[PDB]
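Encoded as structure tokens, the following chain is the form solved without the ligand, with no partner shown.
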């Protein structure tokens, strides 16, 4: 015999305070019992389980399932109860590689390591918790009792411990062979390289020889799987990648559930198909979650769906990452809070694409949304490539400079250049820093009664211009905005406005260009038409002239 290195066991514990499972074995038919005994005798001969005495008090139920269209029974040990009681483990699969971060490879070989799986021993002190019982024929003798010596299929810790064990074994090979990449998925190792096929196949042989040090055998008849690989919803090819086929169904009427599956397909597609849009289709999912309810598609949702079908007409592929070249990210505004982007290195060859949607909020503007989209792409790019792309943005350098120097928050976007591709992001209005000489001064106020919802909004000016409007179904906040709106409506192109509304100042100082409030939207439209606006705040109820007069008029 050739000595082999043992695979070190991972020590395993139950959660604090918990004991092992003690679950009743279900009754089985005489036919299922004979099948399980045969199966377990083979497993025992292979070292995977061992018979135990009657002292062990734990138990997990075992089942027999007919492998469909076969007289072959299959065993199922149901570890749901032990899993609830088993400690949490470190999970590595949490982060999956994105295809766009991979490197092109000339050759990728697959190796089956299914037999290696159960060379992995289970912590000797944990085995007792895996006990199960085959019932006896006619229940006239004690059932046969077994426990696992290897990682059981379906037990909570088996994926993590298998992965950790294989990683430890592969570490030295990978380190001493930096000209290959190795990736484990399920019971297969994928080995890629840029070596000529001869040297590449030599590396594979050497890996098989390395694995033999632990007694892990790999099939000689080489794997049937060969590029392209279907993996995690992608298609990986040697020199390009894409998503698996995206087919939007034809439907005369659409259900809640159908729309959820359509949006999921579109979201999946948006990582390589440029320009996918989902706003109007996601609008139909607002609030409701009755999975069978039918919703009429608005005309705007049909337009969006139609546009997406066109985008999905023919296949699109991404290229892989070349670390020797800069990464570039370009962003376009699509309308209704939607943004789309492409990341590339050579012109017209995208590594990937994607999209960003406006966050839920009362007020917003395009510059803020562009900024959020940039941060999202930056963070995604650190994940995939470990570096920030150079940005191409549809906003003039002078617009950005004005925005960030005057904005009340700190804000930053990394190295970028203007791309003159409409629609451009611009500043729709800017307020004055100083009062305007020669411009009429409007002192505005509004008030409402909380019981009747009746209110008033209005202004008085230094020229004696005055207006008060009676309002119904309103609030203090709404009347304060209404007063500013009236002053904007009734003034010339330059205007000073004096308000005591901290609420209205808080909104206007946020510089929105769009709002969920149609009153704020009306104010924005008036601001866009002015040449100069200065907005001054004063405290309420302090005898400030102008403010005092109009407050009396509107609170009457």
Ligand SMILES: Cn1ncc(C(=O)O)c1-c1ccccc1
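Positions refer to the first chain, counted from 1.
In this entry, the higher average B-factor at the C-alpha atoms falls on 213-221, of the pair 213-221 and 153-161.
Once the C-alpha B-factors are averaged per stretch, 336-344 and 356-364 rank with 356-364 first.
Per the PDB entry, 543 shows the highest C-alpha temperature factor of the residues 21, 543, 11, 539. Per the deposited record, 310 carries the highest C-alpha B-factor of all listed residues (88, 417, 310, 432). In the PDB entry, a CA B factor belonging to the lowest third of its chain's modelled residues is recorded for residue 330. Compared with the other modelled residues of the chain, the Cα B-factor recorded for residue 400 ranks in the lowest third.
In the PDB entry, a CA B factor belonging to the middle third of its chain's modelled residues is recorded for residue 81.
Sorting the modelled residues of the chain by their CA temperature factor places residue 286 in the highest third. Sorting the modelled residues of the chain by their CA temperature factor places residue 299 in the highest third.
Keep in mind that the form solved in complex with the ligand is not shown, yet the notes after this line are about it.
In the deposited bound form, the ligand stays beyond 4.5 Å of every heavy atom belonging to residue 270. Contact check for residue 311: no non-hydrogen atom falls within 4.5 Å of the ligand in the deposited bound form. Taking non-hydrogen atoms only, residue 134 never approaches the ligand to within 4.5 angstroms in the deposited bound form. Residue contact check for residue 486: one or more of its heavy atoms lie within 4.5 Å of the ligand in the deposited bound form. Residue-level contacts in the deposited bound form: of 471, 297, 204, 413, one residue has a heavy atom within 4.5 Å of the ligand, and it is 471. A heavy atom within 4.5 Å of the ligand in the deposited bound form is found for one listed residue only; from 478, 277, 368, 85, this is 478. None of 478-486, 301-309, 288-296, 123-131 except one has non-hydrogen atoms within 4.5 angstroms of the ligand in the deposited bound form; the exception is 478-486. Annotation for 508-524: interface residues with the ligand in the deposited bound form are 518, 519, 522 [heavy atom within 4.5 Å].
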